[PDB]
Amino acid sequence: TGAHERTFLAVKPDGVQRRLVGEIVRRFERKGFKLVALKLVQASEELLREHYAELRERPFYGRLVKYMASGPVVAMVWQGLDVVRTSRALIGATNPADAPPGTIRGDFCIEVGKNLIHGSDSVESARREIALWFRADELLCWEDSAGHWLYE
């Protein structure tokens, strides 16, 4: 899908509580990605169980779903060339301990259960999570004036 690829990102409850929302948004803005959906939300455990359905057998599954519902998250959709892969690169490893300085988690986090943010792991997960969290009318198309200075 080229430069029209989209990913689902969410600032987790710890990110909101630590006042790192603007700090997170800025990292993706300064990179050149296009913000196309944004929402402050109180995620229900039902949505979170489906969001993390792949992890249902894991010992930390219950804790994860409860933590993600214990406070507001900032749900987001970002657009650009390799946005899924590259957003993951900017996030850093799942475990902050393996994430180098320079990444969100390397700069801001200690522990895997309190990493600040979610990013889709693949284009298939992205497509699944976009539809899960957002309605079609919540996804905005806009002509970026500086697009020519990011692409070609």
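We number the residues from 1 along the sequence you see. In this text, rigid core is short for the largest set of C-alphas that superpose within 1.5 Å between two forms.
Asker: Do the Cα atoms of 9-17 stray more than those of 140-148 in 6 other deposited structures of this protein, or is it the other way round, with the core held fixed?
Answerer: Result of the core-fitted comparison in 6 other deposited structures of this protein: 140-148 deviates more.
Asker: Looking at the deposited entry, does 30-38 or 108-116 carry the larger mean Cα B-factor?
Answerer: Averaging CA B-factors over each stretch, the winner is 108-116.
Asker: Can you tell me which stretch has the higher mean Cα B-factor, 17-25 or 128-136?
Answerer: Result: 128-136.
Asker: Given 83, 99, 48, 123, identify the residue with the highest C-alpha B factor in the PDB entry.
Answerer: When the deposited C-alpha B-factors of 83, 99, 48, 123 are compared, 48 is largest.
Asker: Using the entry's values, work out which of 87, 103, 95, 70 has the largest Cα B factor.
Answerer: The listed residue with the largest C-alpha B-factor is 70.
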